[PDB]
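Worksheet: one structure, shown below.
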Amino acid sequence: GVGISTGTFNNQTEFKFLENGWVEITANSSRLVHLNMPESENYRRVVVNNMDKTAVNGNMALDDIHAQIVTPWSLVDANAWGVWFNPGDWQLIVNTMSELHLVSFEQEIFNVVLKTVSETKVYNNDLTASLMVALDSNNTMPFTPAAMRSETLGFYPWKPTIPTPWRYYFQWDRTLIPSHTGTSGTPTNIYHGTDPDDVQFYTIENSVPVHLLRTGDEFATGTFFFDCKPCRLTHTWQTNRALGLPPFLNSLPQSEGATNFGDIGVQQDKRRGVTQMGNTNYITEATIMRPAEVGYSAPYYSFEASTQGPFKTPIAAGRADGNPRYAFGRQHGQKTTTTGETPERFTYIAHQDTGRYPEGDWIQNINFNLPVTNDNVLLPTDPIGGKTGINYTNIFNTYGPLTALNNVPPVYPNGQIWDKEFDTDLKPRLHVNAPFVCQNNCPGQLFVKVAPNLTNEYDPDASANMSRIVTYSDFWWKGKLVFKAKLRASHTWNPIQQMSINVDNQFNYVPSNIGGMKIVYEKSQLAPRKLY
Amino acid sequence: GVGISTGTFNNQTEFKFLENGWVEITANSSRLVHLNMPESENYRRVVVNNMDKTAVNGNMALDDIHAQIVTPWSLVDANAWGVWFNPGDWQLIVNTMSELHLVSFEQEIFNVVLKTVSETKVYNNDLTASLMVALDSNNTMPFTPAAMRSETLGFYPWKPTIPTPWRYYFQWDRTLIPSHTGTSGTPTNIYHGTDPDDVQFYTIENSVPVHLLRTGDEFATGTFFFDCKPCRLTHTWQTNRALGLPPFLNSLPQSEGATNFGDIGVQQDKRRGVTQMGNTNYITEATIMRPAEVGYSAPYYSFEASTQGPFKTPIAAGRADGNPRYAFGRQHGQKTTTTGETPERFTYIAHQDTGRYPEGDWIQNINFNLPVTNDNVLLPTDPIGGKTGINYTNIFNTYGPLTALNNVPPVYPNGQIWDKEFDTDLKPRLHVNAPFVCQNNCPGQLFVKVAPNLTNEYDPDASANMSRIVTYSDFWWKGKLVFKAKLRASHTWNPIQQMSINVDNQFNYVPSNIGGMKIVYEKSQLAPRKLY
Amino acid sequence: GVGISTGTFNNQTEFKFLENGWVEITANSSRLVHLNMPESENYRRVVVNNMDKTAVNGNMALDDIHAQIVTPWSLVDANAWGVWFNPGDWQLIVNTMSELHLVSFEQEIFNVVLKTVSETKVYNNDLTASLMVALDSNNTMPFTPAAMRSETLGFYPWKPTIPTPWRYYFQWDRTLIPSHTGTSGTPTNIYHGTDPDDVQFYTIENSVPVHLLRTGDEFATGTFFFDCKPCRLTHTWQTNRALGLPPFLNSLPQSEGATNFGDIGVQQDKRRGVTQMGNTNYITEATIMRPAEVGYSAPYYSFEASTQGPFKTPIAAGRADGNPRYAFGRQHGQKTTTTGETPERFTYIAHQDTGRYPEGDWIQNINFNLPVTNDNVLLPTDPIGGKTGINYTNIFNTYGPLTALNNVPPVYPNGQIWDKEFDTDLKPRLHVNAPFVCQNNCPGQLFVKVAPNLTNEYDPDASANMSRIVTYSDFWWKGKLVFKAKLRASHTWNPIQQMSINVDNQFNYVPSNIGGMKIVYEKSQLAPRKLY
Amino acid sequence: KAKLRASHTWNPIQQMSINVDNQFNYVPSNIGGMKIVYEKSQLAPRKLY
């Protein structure tokens, strides 16, 4: 009954090598999850509004108006790389593997303990009390991944963790007409309420079965099996200038040295080749016809509005703009013995050259008078709209049928692993937040909640909140994430870039004298691959 | 023989309930189709040229220039929702069923009657004459959905209807350089004839078989079978702002009313999460990363020109830009007792929030100093090219690899049901005119004509038009259009928007004192669905 | 054995007729290939840096700065139409076929002869020397289509050819800030070096097994089988204005001649139809709701900057911009008896009307008042950014989900046949340079070299380059390429445009007085096809 | 019953084609005026000996 344990701790990573070059990587994780009771048992609808700061002109991007259903439940989320892989295993994966397939995911809650607090304080075991656990096997609830806010389980096996109090967006209608510093007057800035057509009030109790676990009980999610396409751990460097056959060089440097360039022998208007410029005889590396377009230029720092307020248009890649910035706390990589409230931050400067350098772009007139006059070219120095700070590249969009693009790299430790595909009829080609996209269904979210230990005084017909015995739970969570990965091959003569310890990064990977630990970010897409 | 009927009028619709929550909806439609003989038996080539109205400057958008091959044949087109379902049936579909598939379509012409007019007028039956009937099973003829002109069969089972006189576009070449009022001089508004490379002249006689039905026998089309992807009768509300985990709220409200907002606890630069703004520490609902972009800004009221003159660039989702405006006559929904040429009109404001609100958009500089100065933000108040009426969002496109979109909702009664997919090598994601799109083949267009009932005076070598006995026919047409649809389930606590008779809309659904009838538009995506 | 011949020349085209209107076209091509020894045996990294030309302001598009590995091997590339089909066979293909599949490809080297030169010049057979032959079956090396540079095998069977010296792009980092004439000073124009993360050095010696052929031996590339989607040899004349049912004409013309137009009978504001304009009652051929968008506008002559320097952003289809312009030499179509270095050129004006006419574009305000005032309309004549030459259509992009597009047409003789699909995670819709794209694997590149005939004086410790017995090889190359094409059917009444000989082009196709030859370009997509 | 031809020679042969001159012989007029014009039956050359 009470006295017998209900599952073994396990945080080992198993590397089951197979011939034909594949490895089945089984990341086991376990944590002690601590769960206080809810602040209130009721479901609440809370409207956030920050007109106190957004109504100041120019602060348009600081909009936080939204409506959310704050729930009495907490969510246990393992959807982040740091939950599964320590730095050494991640080093092995990035340094040796070439592509990475996510295979399966499973979860267990075991060794549940329930304790009452009495008050000096004394702690009493509630052998009769119970922990509610619910699995959204059918994904009826809104998908609410916690890595976006840095609220997943902790990344250290030996520290307890806490689950995030769960909430989801309710519908609101809001408009915020933008304005600059020195605008003549107060812009239109109001919250409209909500549309009856879009009301969606979800509850765990009506949506999913809820298991009650006392002390001896276990909950075990059966193995979810993914079908996701591979993530590739090797970046592409070939931009459009470096696709295809280079021009033949007649003048080769006959004294080997840095300053001794080679020269194409033939004048620029007398070369052979193909250009996509029907009226231009000059064949140059800028003009010559490549097969297609790598990357695309996007309107950078463009905010677009609809019924629920303004939001940034996301970008697939960056040079800066576009590169993601992760801000995170002490459970998720910041040095655990820091005292401050300020989060740790990095921006992931990805290796891949799919981005654009907008300071070098231009458009010039169709006539192509070659040493261009001012009237025949539009540069990034030139205004648009009369504004000196905004140039044409800010409003430019060169996505097209010829665009080629890469899926987003995995960002260790804070980045997501999987994401649910949109229910839209026309589905986005990639997601900017996760490398793998569940196409048909995704793993069930796991919700937890400690039951009400009522006092003797309860009367449902009283207006006041129900009195509850102050209770908390600690339960051990375990999970197993299976990947299938391909080992790399040495195509080139030269060696590749590899993650390695060095004198600078040495003390990031080991604990300090007073016990503190950190996890620095480590790049994934290290080895180069041919684009074409 | 002559006196035996050859078919049953049937305008019922059965709902056949299959296992596992599917309903096979069999829509039967029957119509008495009345057909006058053609104005001329010869195929004509006619150029329309409103140079007079487009030469006055500013009237560029009123360009009606086209060439077409006026044809003796007439087309029976049943490709509109109103031909099949009445308002009660449409209510039962949309209020209760979540997705809808096409299954099959078939047609029958039966009970042909031929009559001749002689001068007072005496009407006499011609048992020897024949209705010429042709089916383009192979889709060799140019496709012409009659819904875009509101020339489908009538939507009332009792009234007789008429088929559309058939015609199809011919080649032509045109240039219309645009011009505002107050332009110095006349633009080059000229018609260049037809490219010989592009000539296609089609005739029913040379292309498809033809059946000479007479009064005593039927024509029947085999059961065509669709393979289209499901149209979904439910709408998505979630803007980018409403995807993912909302921020945690630390100060929940303690009293009722709209004044009691809840507040996020920590300062915007000390919050935690993932933004896609590498140089910016502010994490806000506008700046926080989302999986992908729902909807896209498109350059609104952009007219774009090809060899065949200007046309509007279509837009996939409206907010009134984008939303379709239907103009229709007394066969097809207008109150039949009204006088006057003027059509009735509605604009279909769809429920879905995949649109944009252009006045709220803005673009600002990479540096992102927070209270943005005038020189550093381009607003919709700012003129492109010095034109005060044309702000940047008119000339602005944000389609990209992250755009997600829904298919167009069904529009009742005038919207198309199915559409033929293009024979392009690269095919569009969606068609803006119908929910279902035929992937490889589509239902054959049914062409009808009455044979030349000649007089004794005929001489083919005479230049003048042939003398014909004035003939007309009535033939009963029977269609059967089968759907398969899934019954909805109540996942939310709250109820959904539903179509209902009420005191306002009551008398739209019953005939008037002198028997006038109308069919109002009814919204096809009522129940909300979970995008993420 | 030395003297036994090891193959047979074959340059025939067999048209083999299958069931159901298919034709298996077996193009055989045979050439004599002449290969001198490499200039030096070592691999050379060379950087081209033409700062002398581009440091002059406005010479931005003349950027030729790049790095490459100059490799001693030479590439034998048959990837062009002229290598396989002569003008008569191409006439038969374009005039009689409708779609053209690509089936298989195989290669052979046979009748190798090696010779050496001794000083008058004496030519001596090298019975013991060998020709190195290497097939990259796995595509380890970068794909390198020689047709982009016009360095394929020559198109005349009776004339010898030389293979291209192989080279491939190394990585380089570059910034080139653009400038117009009379910019204040020298802008940033610098070569940064190479990123170590992107270095890739490939040797044929390590990546492929190298065969050694002396004289009596052969190498036969086994049959590679493609899986490419079909190329269509018909062109789409319909643009958006010619999709759907034309408006009904009440006023048909009653007399002959182009100056007797027909007229639509109903005023534009009392006209039935559908429009994507919620606030506009005017239904007209510009505004009527078409199914989708055939073609798209793109920013014309837009140059975009990557990490490696500016490049021309490509366009899918042209009207001009977008139409490819070829420059080609004596082996590849120019008059073979001409003096001078200048290449022969053509611009391939494709027959398909999917392109745009930017001078006909206009954008007008959402209110849509008809005689548009200057402030409410933006025209292609209006300046943007204060520049008079550049207008909004240079910045504009209409690409959206509704875009439909055609694949790149074949260009006879200088265009490619196949190209390798990019290894990116999201791949382009089409390629602008080859009609067929290999889906997963593409036929192996064949690299050839003559092995070193060292002198007796060789010493690897010597500072100077090695000494070699001057040697060269002639080897006969044969290839077989199989297509599968569908014969056309005469759907129209009218004849189609067809390739023909006539008095203007008569002496292009037959040799001249002193034996000169040329191959004039021939258009592929002749017969019209209907989209809709 | 007819035999499809074969391209024996290097050069392109004469072929029947629509062009700017003969275009409106093969499509009707304003008032249904229709015509058919003579088209040459024998176009490809043949080696007699």
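Order determines the names: the first chain of the structure tokens is A, the second B, and so forth; residues in each chain are numbered 1 upward, and ligands are numbered 1 upward as they are shown.
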### Task
Write out as number ranges by chain each polymer residue whose atoms come within 10 Å of segment 156-162 of chain A, counting only C-alpha atoms; drop sequence neighbours fewer than 5 positions from it.
A: 9-11, 29-36, 74-76, 82-86, 151, 331-333, 474-476, 517-519
What would the file look like if the residues just selected were written as a JSON list (two decimals), in the first residue's frame with N, CA and C atoms?
```json
[["chain", "number", "residue", "atom", "x", "y", "z"],
["A", 9, "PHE", "N", 14.06, 5.86, -10.43],
["A", 9, "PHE", "CA", 14.69, 7.02, -11.02],
["A", 9, "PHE", "C", 15.56, 6.58, -12.19],
["A", 10, "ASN", "N", 15.60, 7.39, -13.24],
["A", 10, "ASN", "CA", 16.45, 7.11, -14.38],
["A", 10, "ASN", "C", 16.65, 8.39, -15.17],
["A", 11, "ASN", "N", 17.91, 8.76, -15.38],
["A", 11, "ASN", "CA", 18.27, 9.90, -16.20],
["A", 11, "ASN", "C", 19.44, 9.56, -17.12],
["A", 29, "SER", "N", 14.74, 10.88, -18.72],
["A", 29, "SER", "CA", 14.78, 12.01, -17.81],
["A", 29, "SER", "C", 13.89, 11.70, -16.63],
["A", 30, "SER", "N", 14.29, 12.15, -15.46],
["A", 30, "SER", "CA", 13.44, 12.10, -14.29],
["A", 30, "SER", "C", 13.68, 13.34, -13.45],
["A", 31, "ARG", "N", 12.61, 13.81, -12.82],
["A", 31, "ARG", "CA", 12.63, 14.99, -11.99],
["A", 31, "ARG", "C", 11.72, 14.76, -10.80],
["A", 32, "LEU", "N", 11.99, 15.47, -9.71],
["A", 32, "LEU", "CA", 11.06, 15.60, -8.60],
["A", 32, "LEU", "C", 10.27, 16.88, -8.81],
["A", 33, "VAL", "N", 8.97, 16.75, -9.01],
["A", 33, "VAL", "CA", 8.09, 17.87, -9.34],
["A", 33, "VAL", "C", 7.32, 18.24, -8.09],
["A", 34, "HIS", "N", 7.40, 19.50, -7.70],
["A", 34, "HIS", "CA", 6.74, 20.03, -6.51],
["A", 34, "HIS", "C", 5.54, 20.87, -6.93],
["A", 35, "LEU", "N", 4.38, 20.63, -6.30],
["A", 35, "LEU", "CA", 3.11, 21.20, -6.72],
["A", 35, "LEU", "C", 2.34, 21.69, -5.50],
["A", 36, "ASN", "N", 2.29, 23.01, -5.32],
["A", 36, "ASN", "CA", 1.40, 23.58, -4.32],
["A", 36, "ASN", "C", -0.03, 23.61, -4.85],
["A", 74, "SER", "N", -2.16, 22.83, -13.33],
["A", 74, "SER", "CA", -0.77, 23.05, -13.69],
["A", 74, "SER", "C", -0.36, 22.04, -14.74],
["A", 75, "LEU", "N", 0.56, 22.45, -15.60],
["A", 75, "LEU", "CA", 0.98, 21.70, -16.77],
["A", 75, "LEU", "C", 2.42, 21.25, -16.58],
["A", 76, "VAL", "N", 2.67, 19.96, -16.78],
["A", 76, "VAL", "CA", 4.02, 19.40, -16.76],
["A", 76, "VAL", "C", 4.45, 19.25, -18.22],
["A", 82, "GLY", "N", 16.96, 20.82, -23.18],
["A", 82, "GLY", "CA", 17.68, 20.72, -21.92],
["A", 82, "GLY", "C", 17.05, 19.78, -20.91],
["A", 83, "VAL", "N", 15.77, 19.47, -21.07],
["A", 83, "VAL", "CA", 15.14, 18.49, -20.20],
["A", 83, "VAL", "C", 15.75, 17.11, -20.39],
["A", 84, "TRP", "N", 16.29, 16.82, -21.57],
["A", 84, "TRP", "CA", 16.66, 15.48, -21.98],
["A", 84, "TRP", "C", 18.16, 15.25, -22.06],
["A", 85, "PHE", "N", 18.89, 16.16, -22.70],
["A", 85, "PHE", "CA", 20.31, 15.99, -22.98],
["A", 85, "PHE", "C", 21.13, 16.92, -22.11],
["A", 86, "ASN", "N", 22.13, 16.36, -21.44],
["A", 86, "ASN", "CA", 23.16, 17.15, -20.78],
["A", 86, "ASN", "C", 24.14, 17.64, -21.83],
["A", 151, "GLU", "N", 9.22, 28.00, -19.24],
["A", 151, "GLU", "CA", 8.47, 27.41, -18.13],
["A", 151, "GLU", "C", 8.40, 25.88, -18.22],
["A", 331, "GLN", "N", 16.14, 27.86, -13.31],
["A", 331, "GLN", "CA", 15.88, 26.46, -13.63],
["A", 331, "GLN", "C", 16.38, 26.08, -15.02],
["A", 332, "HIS", "N", 16.58, 27.06, -15.91],
["A", 332, "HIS", "CA", 16.75, 26.80, -17.34],
["A", 332, "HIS", "C", 18.05, 27.37, -17.89],
["A", 333, "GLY", "N", 19.09, 27.52, -17.07],
["A", 333, "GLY", "CA", 20.43, 27.78, -17.55],
["A", 333, "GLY", "C", 21.19, 28.88, -16.84],
["A", 474, "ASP", "N", 4.48, 16.47, -3.75],
["A", 474, "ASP", "CA", 5.69, 16.24, -4.50],
["A", 474, "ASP", "C", 5.59, 14.86, -5.13],
["A", 475, "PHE", "N", 5.82, 14.81, -6.44],
["A", 475, "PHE", "CA", 5.75, 13.58, -7.20],
["A", 475, "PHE", "C", 6.89, 13.54, -8.19],
["A", 476, "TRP", "N", 7.39, 12.34, -8.45],
["A", 476, "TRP", "CA", 8.49, 12.14, -9.38],
["A", 476, "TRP", "C", 7.94, 11.87, -10.77],
["A", 517, "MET", "N", 25.43, 26.05, -10.70],
["A", 517, "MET", "CA", 25.60, 25.45, -12.01],
["A", 517, "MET", "C", 24.92, 26.30, -13.07],
["A", 518, "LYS", "N", 25.39, 26.16, -14.31],
["A", 518, "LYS", "CA", 24.81, 26.83, -15.46],
["A", 518, "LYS", "C", 24.85, 25.88, -16.65],
["A", 519, "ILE", "N", 24.13, 26.26, -17.70],
["A", 519, "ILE", "CA", 24.16, 25.56, -18.98],
["A", 519, "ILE", "C", 24.25, 26.64, -20.05]]
```
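Using only C-alpha atoms, the chain D residues found within 6 Å of chain B amount to residues 19, 20, 23, 28, 29, 30, 31 and 32 of chain D.
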### Task
If you run DSSP over the backbone, which residues in segment 16-146 of chain B end up strand (DSSP E)? Put them as a ChimeraX atom specification.
/B:16-17,22-36,44-48,66-76,97-118,122-125,131-135
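Contact shell of residue 272 of chain A at 7 Å (only C-alpha atoms; same-chain neighbours under 4 positions omitted): residues 149, 150, 327, 328 and 343 of chain C.
Residues in contact range of residue 384 of chain B, defined as at most 9 Å between only C-alpha atoms, with sequence neighbours fewer than 4 positions away removed, read residues 384, 385 and 386 of chain A; 388, 389, 390, 391, 392 and 395 of chain B; 378, 383, 384, 385 and 392 of chain C.
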Residues near residue 77 of chain B, anyone? I mean within 8 Å using only C-alpha atoms, not counting same-chain ones fewer than 6 positions away, as an mmCIF file with N, CA and C atoms, in the first residue's frame.
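Dumped to part.cif:
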```
data_model
loop_
_atom_site.group_PDB
_atom_site.id
_atom_site.type_symbol
_atom_site.label_atom_id
_atom_site.label_comp_id
_atom_site.auth_asym_id
_atom_site.auth_seq_id
_atom_site.Cartn_x
_atom_site.Cartn_y
_atom_site.Cartn_z
ATOM 1 N N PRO B 145 -17.779 28.473 -65.425
ATOM 2 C CA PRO B 145 -18.745 28.377 -64.328
ATOM 3 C C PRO B 145 -19.686 29.569 -64.349
ATOM 4 N N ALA B 146 -20.980 29.288 -64.420
ATOM 5 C CA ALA B 146 -21.960 30.346 -64.583
ATOM 6 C C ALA B 146 -22.219 31.136 -63.310
ATOM 7 N N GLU B 151 -25.657 33.186 -63.621
ATOM 8 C CA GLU B 151 -26.412 32.583 -64.710
ATOM 9 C C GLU B 151 -26.551 31.079 -64.528
ATOM 10 N N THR B 152 -26.646 30.626 -63.284
ATOM 11 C CA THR B 152 -26.911 29.230 -62.996
ATOM 12 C C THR B 152 -28.406 28.955 -63.116
ATOM 13 N N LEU B 153 -28.786 27.700 -62.889
ATOM 14 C CA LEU B 153 -30.193 27.355 -62.793
ATOM 15 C C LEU B 153 -30.832 28.101 -61.634
ATOM 16 N N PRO B 163 -31.357 28.201 -69.439
ATOM 17 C CA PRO B 163 -29.911 27.993 -69.411
ATOM 18 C C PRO B 163 -29.169 29.190 -69.983
ATOM 19 N N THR B 164 -27.920 29.332 -69.570
ATOM 20 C CA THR B 164 -27.113 30.479 -69.986
ATOM 21 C C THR B 164 -26.691 30.337 -71.450
ATOM 22 N N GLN B 445 -19.409 19.774 -68.535
ATOM 23 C CA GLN B 445 -20.409 20.788 -68.813
ATOM 24 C C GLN B 445 -21.424 20.264 -69.813
ATOM 25 N N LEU B 446 -22.701 20.514 -69.542
ATOM 26 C CA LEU B 446 -23.811 19.993 -70.334
ATOM 27 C C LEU B 446 -24.358 21.101 -71.223
#
```
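Here the question is which of A:302, A:6, A:26, A:179 gets nearest to chain B using only C-alpha atoms, and that residue is A:302.
The gap separating atom CA of residue 304 of chain C from atom CA of residue 174 of chain C is 12.9 Å, in Å to one decimal.
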### Message
Using only C-alpha atoms and a cut-off of 6 Å, which residues of chain B sit close to chain A? Please list them as a ChimeraX atom specification.
### Response
/B:242,244-246,261-263,270,272-278,284-287,291-292,356-357,360-364,371-376,383-384,400-407,492-494,497,528,531-532
Restricted to C-alpha atoms, what would the selected residues look like written as a CSV table (one decimal), in the first residue's frame?
```
chain,number,residue,atom,x,y,z
B,242,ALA,CA,-3.6,34.3,-29.5
B,244,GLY,CA,0.6,29.7,-27.4
B,245,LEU,CA,1.0,30.1,-23.7
B,246,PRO,CA,-0.3,33.5,-22.3
B,261,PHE,CA,-7.8,44.3,-15.0
B,262,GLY,CA,-5.1,41.8,-14.0
B,263,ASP,CA,-1.5,42.7,-14.4
B,270,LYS,CA,12.9,41.6,-17.1
B,272,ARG,CA,11.4,35.7,-19.7
B,273,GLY,CA,10.7,34.0,-23.0
B,274,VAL,CA,11.7,33.9,-26.7
B,275,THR,CA,11.5,36.9,-29.0
B,276,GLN,CA,12.8,37.0,-32.5
B,277,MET,CA,14.4,40.5,-32.0
B,278,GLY,CA,18.1,39.8,-31.4
B,284,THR,CA,5.9,41.7,-25.1
B,285,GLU,CA,2.8,40.1,-26.6
B,286,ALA,CA,3.7,41.9,-29.9
B,287,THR,CA,7.3,40.8,-29.9
B,291,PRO,CA,5.0,29.4,-34.5
B,292,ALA,CA,3.9,31.0,-37.7
B,356,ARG,CA,-5.7,42.2,-41.5
B,357,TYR,CA,-6.5,45.7,-40.2
B,360,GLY,CA,-2.9,49.3,-37.3
B,361,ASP,CA,0.2,48.1,-39.2
B,362,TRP,CA,3.6,49.8,-38.9
B,363,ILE,CA,7.3,49.3,-39.8
B,364,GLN,CA,10.1,50.7,-37.7
B,371,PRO,CA,9.5,55.7,-27.9
B,372,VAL,CA,10.1,55.7,-31.6
B,373,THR,CA,10.8,59.1,-33.1
B,374,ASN,CA,9.1,60.5,-36.3
B,375,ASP,CA,12.0,59.7,-38.6
B,376,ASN,CA,12.2,56.1,-37.4
B,383,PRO,CA,2.6,59.0,-48.1
B,384,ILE,CA,4.4,56.9,-50.6
B,400,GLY,CA,6.0,34.1,-46.8
B,401,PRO,CA,7.0,30.5,-45.9
B,402,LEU,CA,5.1,31.0,-42.5
B,403,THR,CA,1.7,32.1,-43.9
B,404,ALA,CA,-1.2,29.9,-42.9
B,405,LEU,CA,-4.7,30.3,-44.4
B,406,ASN,CA,-8.1,28.7,-44.6
B,407,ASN,CA,-10.1,27.8,-47.7
B,492,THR,CA,-16.5,23.6,-25.2
B,493,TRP,CA,-18.6,24.4,-22.1
B,494,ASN,CA,-20.1,27.4,-23.9
B,497,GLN,CA,-23.1,30.7,-32.7
B,528,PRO,CA,-15.4,28.2,-33.8
B,531,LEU,CA,-6.3,26.6,-34.6
B,532,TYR,CA,-3.6,25.7,-32.1
```
### Message
One decimal, in Å: what's the spacing between atom CA of residue 516 of chain C and atom CA of residue 10 of chain D?
### Response
14.6 Å
### Task
Step one, run DSSP on the backbone; step two, keep only residues of segment 119-218 of chain A assigned to alpha helix (DSSP H); then write them as a PyMOL selection string.
chain A and resi 204-207
For the residues in the current selection, export C-alpha atoms as an mmCIF file, in the first residue's frame.
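File produced: result.cif:
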```cif
data_model
loop_
_atom_site.group_PDB
_atom_site.id
_atom_site.type_symbol
_atom_site.label_atom_id
_atom_site.label_comp_id
_atom_site.auth_asym_id
_atom_site.auth_seq_id
_atom_site.Cartn_x
_atom_site.Cartn_y
_atom_site.Cartn_z
ATOM 1 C CA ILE A 204 -10.071 19.936 -17.998
ATOM 2 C CA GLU A 205 -12.911 18.213 -16.177
ATOM 3 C CA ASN A 206 -15.303 18.062 -19.142
ATOM 4 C CA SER A 207 -12.631 17.425 -21.784
#
```
